[PDB]
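In: Before I ask anything, here's the sequence and the deposited coordinates:
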Amino acid sequence: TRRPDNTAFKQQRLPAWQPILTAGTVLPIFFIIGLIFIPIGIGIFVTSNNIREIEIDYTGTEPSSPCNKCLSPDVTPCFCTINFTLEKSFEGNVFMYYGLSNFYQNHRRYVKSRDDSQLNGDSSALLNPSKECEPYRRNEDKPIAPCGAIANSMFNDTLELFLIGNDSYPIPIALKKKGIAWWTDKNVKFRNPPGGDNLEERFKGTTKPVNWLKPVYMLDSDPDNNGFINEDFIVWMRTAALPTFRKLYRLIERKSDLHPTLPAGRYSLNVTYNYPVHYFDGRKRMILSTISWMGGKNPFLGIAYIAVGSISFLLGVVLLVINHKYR
Amino acid sequence: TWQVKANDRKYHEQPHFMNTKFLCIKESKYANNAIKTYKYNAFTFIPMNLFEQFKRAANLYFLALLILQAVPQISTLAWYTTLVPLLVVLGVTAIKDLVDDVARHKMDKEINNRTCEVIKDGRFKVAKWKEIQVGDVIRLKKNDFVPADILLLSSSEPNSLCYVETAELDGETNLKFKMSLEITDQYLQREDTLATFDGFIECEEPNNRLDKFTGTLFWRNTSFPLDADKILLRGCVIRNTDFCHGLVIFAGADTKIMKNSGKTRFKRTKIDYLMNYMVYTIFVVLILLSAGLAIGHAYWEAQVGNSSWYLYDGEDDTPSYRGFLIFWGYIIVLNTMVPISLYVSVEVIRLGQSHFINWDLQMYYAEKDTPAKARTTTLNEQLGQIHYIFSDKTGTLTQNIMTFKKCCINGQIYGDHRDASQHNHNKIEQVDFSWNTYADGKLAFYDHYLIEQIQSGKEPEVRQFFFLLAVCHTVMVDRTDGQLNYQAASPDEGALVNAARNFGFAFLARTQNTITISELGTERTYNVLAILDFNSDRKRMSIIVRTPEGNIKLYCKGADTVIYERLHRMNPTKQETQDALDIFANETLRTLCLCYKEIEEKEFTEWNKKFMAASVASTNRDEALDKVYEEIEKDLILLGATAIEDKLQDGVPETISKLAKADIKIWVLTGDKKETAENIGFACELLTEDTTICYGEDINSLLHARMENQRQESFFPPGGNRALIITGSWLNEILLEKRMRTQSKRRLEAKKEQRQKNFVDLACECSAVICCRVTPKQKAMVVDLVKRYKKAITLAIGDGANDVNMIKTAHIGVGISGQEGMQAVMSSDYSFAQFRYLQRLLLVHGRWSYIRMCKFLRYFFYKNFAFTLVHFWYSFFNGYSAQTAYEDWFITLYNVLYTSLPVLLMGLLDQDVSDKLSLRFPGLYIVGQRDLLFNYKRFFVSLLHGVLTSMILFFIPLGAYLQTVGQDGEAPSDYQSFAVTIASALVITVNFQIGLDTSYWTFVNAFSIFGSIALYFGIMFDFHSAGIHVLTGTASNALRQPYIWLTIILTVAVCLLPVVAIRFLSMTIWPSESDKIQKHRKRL
Ligand SMILES: CCCCCCCC/C=C/CCCCCCCC(=O)O[C@@H](COC(=O)CCCCCCCCCCCCCCC)COP(=O)([O-])OCC[N+](C)(C)C
Ligand SMILES: CCCCCCCC(=O)OC[C@H](COP(=O)(O)O[C@@H]1[C@H](O)[C@@H](OP(=O)(O)O)[C@H](OP(=O)(O)O)[C@@H](OP(=O)(O)O)[C@H]1O)OC(=O)CCCCCCC
Ligand SMILES: *[C@@H]1O[C@H](CO)[C@@H](O[C@@H]2O[C@H](CO)[C@@H](O[C@@H]3O[C@H](CO)[C@@H](O)[C@H](O)[C@@H]3O)[C@H](O)[C@H]2NC(C)=O)[C@H](O)[C@H]1NC(C)=O
Ligand SMILES: *[C@@H]1O[C@H](CO)[C@@H](O)[C@H](O)[C@H]1NC(C)=O
Ligand SMILES: *[C@@H]1O[C@H](CO)[C@@H](O)[C@H](O)[C@H]1NC(C)=O
Ligand code: BEF
Ligand SMILES: [Mg+2]
């Protein structure tokens, strides 16, 4: 046939850059990385240590603890009182979490057990839950409104904090339950069923989950905080990545005055023990952490950055002498 | 036996000639002349293509996933969108294999429509080749190809003589004379009588024995036997004959040359076999990991799963059944270690790499307008692994052009660049031939010292020397229009006659008893008294003539060795001429010594009567003729010698040296005679003065000694230089290819296997091997021996039908295109016009194709284990429940959108060194010889690389997620954020790795690498959704936190920095051959 076209691509002569892994170009990236990762790791490690955190385990598995009575709650409403003290006052916003250990919220048979269409406020899915939430589709004759294992096994303890002052009268601590979930989840992913004004008439022809004491009608008094758009429910449904996790529970807001939000002293945790986890060696915790401008409290990254920063610098020296030897 | 009838196409359609097939097919015994080189005809495409699609291990592995995804209790997908991915991947190769086959469907058309002439009615009518049927009577003209194996019936030449060149059928460059039967000669001349010809031929069944033929013809109530001298085979071309008539005996697949073509086999690359072993290993790894994790899930469900009230699914599944049922769950989850893009990417890489061969302007032959052609798009990286090259000689290493160069007279060599009466300077203008009336410009001669000698006449022996060339030949001349065009059966005489014509000793006309040679414009008509025939054993021919004066002189020309045994005692030029021949011999030119003697009138008469007695003899006239021939030739006065060059293709000696430096062994397998094959060996520089030539006799002693020795040590000392010139007849002998019945056969195969191995051990110890007079079956037999007893990757390059068998038998087959014949090109894998383009096919295209394919495989399995093994490490943190670490929608797009393009461009554009610099350093090819880039060991290093990458990609994020990670209202501490962090680190890590693998950073390479990362980080910011709208929210949360980005940066750094150190440490302590060139690239 005829002559080939004299194109750069066709003739394999496209303009190109030929990088060579030379000693004068790779030695820097093993030193500048070392000089950047070391300060970053120190900054992370130092700032993480500056965060003041108290972790209190109230599962009561061990005896000689003031919550063991609720492991066998002959009476359904059981309460525990755990006393703790803060060495120094917490400043700024303080976040109250609850931690569950050995709780595989990431199990495949568990993560799938939800109906995203139903939680999005689909009238079709309200009375026709998907087969993904198979074991909790219908309770007796009508479908569960939040079908699935994830909604059924919702953490349902109540945690309260009290300050014990000089007068010894326990002062209650205001705790804000709003604004603890992702903004997208509140306004996009989770939405109440369409139509109506009263949640009672929206959730008709649907029953509560078998494990829940009360229906979705009154998960919270506020109309904007009940239904599928409840903060506690949404926070729970955002399944964790690992067996040990913490989920934001309440917010402690900065006081109007200049005094610390949680002044150092004597504190008591009044918890309504409802959630049983001891059968599978589960642990329940209450965590209080102070807000930090740069992330939370992550000592692992600080150590890892220093370790990688030191190895990278050490690799530069080892590679430098090897290059010099073979120069 | 075979049966044929003239002008009767219904006789061969009788019911009893239908062989019949097992499955409702007739399959007549007589094949139609239509040929077939394609694979898929109309509807055999589907079953035949899928059969060879599934020779790949992964295709059976993908099919297993389809069966596994159709089981409801383990099915994860709808099963209506897992089949379509496989069909599209299968369809991509099906279309690619169809465009390749459509190309060779068109190749058949141009050869099946060659429009010969046939008797299908009262008189001849034009008909295509495919329209030829056994028993047809056809007519051919000058330079026409023979449509099939025909029997001469007549021709315009006297005695129904016919000349055909068999360069297609063997390597011979001279014409064979074919003659018809005496009775058929005189009764089938006029066209009308051919139509009524009704002759019945009983001949042998179709065979592959080109040399001999057996049969009989019954006609006019008489029987006439037949032999191979009356049969024109399909590959022949009619020469020096205006027209001829034949009767078709065999046709199509039954033709005696088509039975020499081998069996078409499905050719697979050495890496194609390697890929199977890697898929087999991954399948075993996949089964072991899934079974190991299944046992974990069974144990996990025993104490943890059964106690977990929240993990209640209302199914009374025992932990053993749950573990069994999750084993298939992990087969599906971890299946991406071999993704469906494995062969879509390989075929996209191979298709593009094959089109660089077609597009190459350096492999484009402008003179014949013949570009290279990769006519199979499936054997590309094998061009980078060739161990042996088996080459034809005639038409492959040579141009089939033969030119007069020099000449020696009385010890003086004429032909060198000279002017006036003595050498002045090397730069000499072209000789002027206008002084001779008949001369033309074909002869490029640079010597003026010879011109003066002939014209001056001071040396009468000079004039008699060139007069010999105009008489001692035996060719006929055409004076149709006064052009004095010469038709020579042997190109040696054609060049000599043409050359001697330009020197003034022009041959004008021939007669049974006289000749009309013109000597420097002087018309002298000699008388022919006796012509001594030319034959191989004699190695010389002579002519006896009577001068116009009356003197009788014998003119002889032939091999130097035979003549020197028949020289007069008085010959002062004997020693000087011997020196001159060595100069021509050292220059690789054919030397024909010229000699003569004086014959007296009384001496001739006594010998003349004996010569007539031998001629009139009917018993052994050939032997009787040789008896008188020796008697007359006793003392010959040597006159000198000539010099003729068998013009090689330009760039052939330079190609053999470069491919030798790449450690490629080049064997010349030719159907031409030994002397021609050996002479071209020296011209190509395959043989040199250092080489000691060993023939069949020398080899036979060594091999027989080795067998007696047993009744391994190298056959030659290690430091020697040797070559083999083995004749095809000797090849059968040395290879032994010339109840108790079953018992003896095992020993018969026992020594035959041993004897073949010994020859290959001997043959491969030699620098060069030249196989001469080998049949097309023997050409493929030699390639097979190297393939079998050396496990070498073999390339076969040739032209014509005699190379089809070895072209189809070798790992890579090359056909030389651009010429009239195309038998080898149709059956070849690659096609280019000049032998010298074998440098770029191997040292540029093949070398790069091997590098680009090995870098693709190294990265492809790296980036799939790094992606997939994260599910394995996540198993220990989710109950071994087969939960995926990524979002379900990232797994689908990862192999198509995030890591697909960058490796494809690297597989199409990467270059370790320039083509100009890869030809300058042929030793770089040697890396593909030994298969160093990608072993089975290098495969596991990429698995370890991907296994450790998945360790870092999971356990650096896991350490950060076990602790506080931006715990705020917008906390990304959940599974979805955990999923987009490993995916973000994975996408950056792998796309930075290909950037480190890439050595030729074209703009498209940079665009794809950063485009792949940008596309991932554009898709997961709702940019793709915004575009669709113009035409859940996890990413906007996880990727806005400093810790999540610090985690991603740290994870990428830990993955890549150790790789850069290892690459730099290996490059600086164990630099490769390429690395040294890249460092000193500018200095070079
Ligand atoms: C800015 C510049 C940079 C641009 C770079 C981007 C270039 C993009 C151009 C891409 C064009 C393709 C070029 C060839 C790429 C290599 C071969 C290949 O990937 O084949 C693919 C064939 O795909 C399948 O088999 C089905 C894949 C899953 C179904 C959904 C896919 C389409 C989703 C619609 C949305 C996406 C639409 C995407 C297409 C438009 C490989 O499939 P796979 O993933 O291996 O299958 C999973 C493996 N498994 C079956 C074993 C489990
Ligand atoms: C510290 C890691 C030690 C690993 C074991 C020792 C090194 C090893 O076996 O390689 C692990 C793979 C290698 O992945 P690579 O892609 O870097 O594979 C090799 C590299 O290409 C070198 O150049 P080349 O010859 O291939 O052109 C080769 O040198 P050579 O063949 O001349 O010997 C070397 O052999 P070498 O080891 O130098 O002898 C190979 O490891 O992955 C990694 O690069 C790091 C992954 C680990 C990521 C960090 C883990 C914390
Ligand atoms: C808080 O949540 C826990 C679970 O995390 C709830 O315990 C569960 O309560 C349901 C009933 O509401 C139990 O289901 C069935 O209850 C009937 C009696 O109503 C009983 O006969 C059945 O055998 C079955 O248990 C469920 O088993 C139980 N779960 C566990 C692990 O014990 C609890 O009721 C919730 N409390 C509040 C105040 O929300
Ligand atoms: C915990 O504090 C409460 C109130 O301050 C007190 O009644 C109780 O005895 C304390 N228990 C322990 C173990 O300190
Ligand atoms: C703890 O909370 C419960 C529930 O409101 C309340 O009845 C009790 O008085 C509180 N104080 C305790 C348990 O000391
Ligand atoms: F063209 Be080869 F000499 F058979
Ligand atoms: Mg040839």
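Out: That came through, no problem. Numbering: from 1, shown residues only, chains lettered A, B, ... in the order given. Ligands and ions are numbered 1, 2, ... in the order given.
In: Tell me which residues touch the closest residue to residue A:228 other than its chain neighbours, please.
Out: In space, residue A:228 comes closest to residue A:190 once its chain neighbours are excluded; the distance is 4.9 Å by CB to CB, 6 or more residues apart in numbering or on different chains. C-beta here means a position set from N, CA and C on the backbone, and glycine is covered the same way. By CB atoms under 8 Å, 6 or more residues apart in numbering or on different chains, the contact set of residue A:190 is A:119-120, A:228-229, A:233-234, A:237.
In: and if you look at residue B:204?
Out: So residue B:204 contacts B:1-2, B:213-215 (CB under 8 Å, 6+ apart).
In: in the stretch 201-327 of chain A, which spans are helices?
Out: Assigned by DSSP state H, counting those that start in this stretch, the helices in the stretch 201-327 of chain A fall at A:231-237, A:299-325.
In: Tell me if I'm right that residue B:160 and residue B:154 touch.
Out: Yes - with contact defined as CB atoms under 8 Å, residue B:160 counts as touching residue B:154 (5.1 Å).
In: tell me, what's touching the two both at once?
Out: The contact lists of residue B:160 and residue B:154 share B:180, B:184-185, B:244, where a contact means CB under 8 Å, 6+ apart.
In: Just name the closest of those to ligand 5, please.
Out: Looking at the shared contacts of residue B:160 and residue B:154 and their distance to ligand 5, the nearest is residue B:244, at 118.8 Å (CB to the nearest ligand atom).
In: Okay, and the closest one sits in which element?
Out: Using DSSP states H and E, residue B:244 maps to strand B:243-248.
In: Now stretch B:285-301 - C-alpha only, CSV.
Out: The C-alpha trace of stretch B:285-301 is given here as CSV (Å, rounded to 0.1, in the frame of the first residue of the first chain):
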residue,chain,number,x,y,z
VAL,B,285,-3.8,-18.3,46.2
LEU,B,286,-7.5,-17.1,45.8
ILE,B,287,-8.8,-20.5,46.9
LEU,B,288,-6.4,-20.8,49.9
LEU,B,289,-7.1,-17.2,51.2
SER,B,290,-10.8,-17.8,50.9
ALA,B,291,-10.7,-21.2,52.6
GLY,B,292,-8.5,-19.7,55.3
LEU,B,293,-10.8,-16.8,55.9
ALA,B,294,-13.8,-19.2,55.7
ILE,B,295,-12.3,-21.2,58.6
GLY,B,296,-11.9,-17.9,60.5
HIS,B,297,-15.5,-17.0,60.0
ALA,B,298,-16.6,-20.5,61.1
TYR,B,299,-14.5,-20.0,64.3
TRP,B,300,-15.6,-16.4,64.7
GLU,B,301,-19.2,-17.3,64.5
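In: Give the buried residues for that stretch.
Out: Within stretch B:285-301, the residues that count as buried by 16 or more other CB atoms under 10 Å in any protein chain shown are B:286, B:289-290, B:293-298, B:300-301.
In: close to ligand 1, is that stretch?
Out: No - interface with ligand 1: stretch B:285-301 contributes nothing (CB under 6 Å from any ligand atom), its closest point being 11.4 Å away.
In: how far does that stretch sit from the chain's center?
Out: In terms of CA atoms, centre = their mean, to the nearest Å, the centre of stretch B:285-301 is found 51 Å from the chain centre.
In: closest to residue A:174 out of the helices of the stretch 201-327 of chain A?
Out: Between residue A:174 and the helices of the stretch 201-327 of chain A, the tightest spacing by CB to CB is seen for helix A:231-237, at 15.9 Å.
In: now for that closest one, which elements pack on it?
Out: helix A:149-152, strand A:245-252 (3 or more CB pairs under 8 Å, 6 or more residues apart in numbering or on different chains; DSSP states H and E).
In: contacts for that helix?
Out: Contacting residues not belonging to helix A:231-237 are listed as A:114, A:119, A:146, A:150-151, A:154-155, A:177-182, A:185-186, A:190, A:216, A:219-220, A:225, A:228, A:247-249 [CB under 8 Å, 6+ apart].
In: Skipping adjacent residues, who's closest to the residue in chain A positioned nearest to ligand 4 in space?
Out: When scored by CB to the nearest ligand atom, chain A has residue A:83 as its residue closest to ligand 4, at 3.8 Å. Leaving aside its sequence neighbours, residue A:83 sits nearest to residue A:268 (CB to CB, 6+ apart; 5.1 Å).
In: which SS class is the closest residue to residue A:240 other than its chain neighbours?
Out: Counting by CB to CB, 6+ apart, residue A:240 lies nearest to residue A:105, which is 4.4 Å off, once chain neighbours are set aside. Secondary structure, DSSP: H, G, I helix; E, B strand; the rest coil: residue A:105 is coil.
In: Got phi/psi on residue A:105?
Out: Per-residue torsions, residue A:105: phi -70, psi -10 (degrees, to the nearest 10).
In: Would you agree it is in contact with residue A:246?
Out: No - Residue A:105 is not in contact with residue A:246 according to CB under 8 Å; the separation is 11.6 Å.
In: more crowded one of these two?
Out: Under the criterion of other CB atoms under 10 Å in any protein chain shown, the comparison of residue A:105 against residue A:246 puts residue A:105 first, with 24 against 21.
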